[PDB]
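Those protein sequences? They're chains C and B, same order as listed. Counting in the authors' numbering, the first sequence tops out at residue 337, every number present. Counting in the authors' numbering, the second sequence tops out at residue 1058, every number present. Contents: one structure, followed by commentary.
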Amino acid sequence: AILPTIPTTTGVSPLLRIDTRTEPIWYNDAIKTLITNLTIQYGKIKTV
Amino acid sequence: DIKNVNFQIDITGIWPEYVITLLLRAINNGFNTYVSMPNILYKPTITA
């Protein structure tokens, strides 16, 4: 869910925690099973 | 107590921290083990 382009000043969403180590892995697995059905992204998508 | 196993690891990037220490101890402190990884890129420098 991370596009190859990234805004500089970053945010704080738990979305930025998925599929990363160092956390209570339970939590990342929970977020992952909760997001797959949705449509989520991050960073630039289109430039009109 | 690992006797004869060959661990195929692929992504080499996401393994939280435990299995790192476990894999290392079992390559040590083990009888006949093998940890292959057929996706690591390395520049070889061969000399005698």
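By construction, the Cβ of each residue, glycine as well, lies at the ideal position given by its N, Cα and C atoms.
- The three-state reading of DSSP puts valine 337/C in coil, since its state is none of H, G, I, E or B.
- When rounded, the separation of the alpha-carbon atoms in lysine 335/C and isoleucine 329/C is 15 Å.
- The criterion of a C-beta distance shorter than 7 Å is not satisfied by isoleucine 307/C and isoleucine 291/C.
- A straight-line Cα-Cα distance of about 14 Å links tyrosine 1028/B and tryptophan 315/C.
- Across the region 302-316 of chain C, CB contacts with chain B closer than 9 Å involve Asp308, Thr309, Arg310, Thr311, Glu312, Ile314, in sequence order along the chain.
- Distance from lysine 1013/B to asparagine 1049/B at the Cβ level is roughly 26 Å; contact not present, criterion being Cβ atoms closer than 8 Å.
- With respect to chain C, the C-beta atom of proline 1026/B has a partner C-beta closer than 7 Å.
- Within the same chain, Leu292, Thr294 come within 7 Å of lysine 333/C by CB-CB distance, once the 5 residues on both sides are set aside.
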